[PDB]
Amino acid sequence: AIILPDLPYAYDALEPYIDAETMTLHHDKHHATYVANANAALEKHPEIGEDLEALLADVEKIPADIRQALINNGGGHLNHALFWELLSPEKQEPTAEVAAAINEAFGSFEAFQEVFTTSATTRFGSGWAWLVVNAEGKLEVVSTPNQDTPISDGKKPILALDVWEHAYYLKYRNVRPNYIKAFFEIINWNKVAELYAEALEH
């Protein structure tokens, strides 16, 4: 069964940039729901196993009677599990490997930050902004709706920002640009590096 992972840090470890109340609800209610619902789907189809990264890579291969349920809830699990690991109680900067990759794709960190900020800001309705490795090993910024993940498009996420209103409304209310700015103070660049390196390996 899919298990709800604990946060890597205290509920208040990302203050003042994300409030503890939001960390609490976000993890203990939202993410827990996704996990429950993902487990309900998977239990109908024990034959498919519980490797959600692999299952979500080709959604058409998921059995039709649980396909949207698994996309939405298995995707909600994957995305939030990743999100928590990508947040750091301590300030960081991109490691050399990642900074070089960013410059290769976007020219400069400032350009990347503009592009990713824009992606996060213009996502209409619920969704996520991502930095991903494509099948050629090169970086892209993309956003997705609801709990859709770029894994389903053959991409490997290295950075993820939740832009559902639940992720920011208690502190930031309508002002999602302030939330997006705040995120850049709490990125776990070392975790981005790990995911980047893993994406190149095979």
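Start at 1 with the first residue shown and count on from there.
Relative to its counterpart among 68-76 and 123-131, 68-76 has the higher mean temperature factor, C-alpha atoms as listed in the PDB entry. Legend: mean Cα B-factor per stretch from the PDB entry, 79-87 versus 92-100; the higher mean is in 92-100. Out of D148, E140, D162, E53, the entry records its largest CA B-factor for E53. Remark: of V59, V175, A167, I158, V59 shows the highest value [criterion: C-alpha B-factor in the PDB entry]. Annotation for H30: CA B-factor lies in the middle third of the chain's modelled residues.
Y11: CA B factor in the highest third of modelled residues in this chain (values from the PDB entry).
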